[PDB]
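**Q**
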Amino acid sequence: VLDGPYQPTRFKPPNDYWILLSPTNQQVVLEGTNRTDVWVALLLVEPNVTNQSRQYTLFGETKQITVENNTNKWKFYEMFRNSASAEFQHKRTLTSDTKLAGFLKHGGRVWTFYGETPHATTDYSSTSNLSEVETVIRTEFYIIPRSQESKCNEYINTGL
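Note that the sequence shown covers residues 1 to 160 in the deposited numbering.
This is the structure we're talking about:
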């Protein structure tokens, strides 16, 4: 069920396997793209951060992104665009006291968690080119089969 932990790496995750991300203090936890219609990046914002512009390197480019976290939880900013020419938009947020995030390829979609623990749930981004989505994972991570999503969900929401 819980395969890991693996060290930071760059690879194309197989379909129907959750990547469970376990950051320490990395600013950017994951950068995923197929170079056609998916660019997704997860940023990590520590507790009690007054709204401010921070610099992040996404897919080799410096971006200035305004972040805020008025909670005692960690926030994963899900940044997204569907073309190489576009700027990133803040698409979703996962607010978490477990400091865990997830990434899954399945059913022509990329899936992530959002909302607030312990009631975080999943949502998708569409793609015509799922198989070519490659992830640079900058944290330790685990691999969980999609059939075991009940466990992954549990880990996301209540921790390891």
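Ideal Cβ positions, reconstructed from N, Cα and C, are used throughout, including at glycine.
Report the option in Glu132, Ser85, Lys73 whose CA atom is closest to the CA atom of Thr93.
**A** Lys73
**Q** Is there contact between the region 149-157 and the region 41-51, where contact requires at least three CB pairs shorter than 8 Å?
**A** no
**Q** Let me confirm a value: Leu160 is counted as buried when at least 16 other C-beta atoms fall within 10 Å, else exposed. Which label applies?
**A** exposed
**Q** Which same chain residues, not among the five before or five after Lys12, have their C-beta less than 8 Å away from its C-beta?
**A** If we look at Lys12 and ignore the five residues flanking it on each side, its Cβ neighbours are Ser131, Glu132, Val133, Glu134, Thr135.
**Q** For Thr98, count neighbouring C-beta atoms within 10 Å of its own C-beta (all shown protein chains included) and say buried if the count is 16 or more, exposed if not.
**A** buried
**Q** Of all the CB atoms in chain C, is at least one closer than 7 Å to the CB of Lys91?
**A** Protein chains in the displayed structure number just one, and chain C is not present.
**Q** If you measure between the beta carbons of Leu104 and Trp18, is that distance less than 7 Å?
**A** yes
**Q** Check whether the Cβ atoms of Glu78 and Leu21 lie closer than 7 Å to each other.
**A** no
**Q** Tell me, to the nearest whole angstrom, how far the beta carbon of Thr95 is from that of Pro23; I am working on the premise that it is less than 8 Å.
**A** About 15 Å separates the two Cβ atoms, so there is no contact after all.
**Q** So who's on the other strand from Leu30, going by DSSP bridges?
**A** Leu42, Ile137
**Q** If we ignore side chains and look at the alpha-carbon of each, how far apart do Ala86 and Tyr6 end up?
**A** Cα to Cα, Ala86 sits roughly 32 Å from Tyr6.
**Q** Just tell me which of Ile65, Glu61, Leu44 has its CA closest to the CA of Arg54.
**A** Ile65
**Q** Select from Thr71, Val67, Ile156, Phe59 the residue whose C-alpha is nearest the C-alpha of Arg35.
**A** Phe59
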